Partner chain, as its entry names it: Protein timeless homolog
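First, one chain by itself: the form solved without the partner chain, in structure tokens.
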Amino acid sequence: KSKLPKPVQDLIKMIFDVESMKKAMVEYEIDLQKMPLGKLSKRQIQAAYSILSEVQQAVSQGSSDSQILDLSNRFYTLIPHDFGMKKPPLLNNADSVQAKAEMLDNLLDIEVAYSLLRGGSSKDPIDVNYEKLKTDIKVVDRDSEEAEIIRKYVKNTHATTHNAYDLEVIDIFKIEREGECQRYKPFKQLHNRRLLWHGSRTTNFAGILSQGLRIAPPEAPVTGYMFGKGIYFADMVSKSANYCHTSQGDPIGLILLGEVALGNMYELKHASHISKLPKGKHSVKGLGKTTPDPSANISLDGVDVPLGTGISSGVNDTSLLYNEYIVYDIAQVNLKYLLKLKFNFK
């Protein structure tokens, strides 16, 4: 006998789905016989990051192949895999290291979700797990102007290059993470506050909601980030929705709208490797060739919502088709909405 609206209950069910957790491990080709979901360890995972860092430093050092193979095997001992016919790829290159690092990040949030679900007896089922997210979740009436702005944002900022799917807003939730208002308070005085997209895999949202958007830990390899270890956002919904990793088998994804206090944006057209920021700068803006039409930006409770159609930016010589935004302090993010999206594939 649960009191939450059904869409909120359906959200709680999808994010605490144990079958989805195991399926994600299977897709990563983890050996579940040797490392079940119930044995995932934050300490083992932390050590796995560190080994990936040693591997990364040894590609760049030009170390012996015996030293590299040995490090790559230590990683596979920490996180056992089952590749069937092929061999476990040697971890001897940036792209192999980044793939295992992105997987470790996903694994950590899966550990957060499952250890939450298995943590500390007369309340309704969906409601006890809802409380573990420490997030107030309310459904946004579809008939509201609130909903109308959000659907125009989604409709107008789908990229032309991301032709593989269309998007339909199923549910719009307004969320308030416990303690995030207070944590965000100092940065509300930063100028240039923007409502931006951040996509992630569904198996990440129990961790995202209970802990907020986080930065990769220092043990993690420095390779693989266009703008270093930070929190990344888009102003084009499909650039973030690509990060849901949804498929035809599971075509439902979750995407966040976060208020991000950008302040004075360090504008860059190519990969730069300071995670440090210049004095007076509070964020990085990667400049894309296409940007939402600035004329159609609107201000909503003092926050810019760039809902315009993508138009040429005039920015030539950039590695980026579309903008992105990075902040390096987790307190610069106040999560506002969680969208349940339907992907209708080609």
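Positions refer to the first chain, counted from 1.
Another form, the form solved in complex with the partner chain, is not on view; read the next lines as being about it.
Taken together, the three residues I215, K276 and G280 all come within 4.5 Å of the partner chain in the entry with it bound, as judged by their closest heavy atom. Mapping the unseen interface onto this chain, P125 falls outside it, with no heavy atom inside 4.5 Å of the partner chain in the entry with it bound.
Taking the partner from elsewhere, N264 is found to have a heavy atom lying within 4.5 Å of the partner chain in the entry with it bound.
In the entry with it bound, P186 approaches the partner chain with a heavy atom inside 4.5 Å. Though the partner is left out of this view, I149 does not reach within 4.5 Å of the partner chain in the entry with it bound, counting heavy atoms only. For the options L117, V139, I170, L190, the one in contact with the partner chain in the entry with it bound, meaning a heavy atom within 4.5 Å, is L190. Stretch 215 to 223 is the contacting one of 127 to 135, 215 to 223, 170 to 178, 252 to 260, since its residues have non-hydrogen atoms within 4.5 Å of the partner chain in the entry with it bound.
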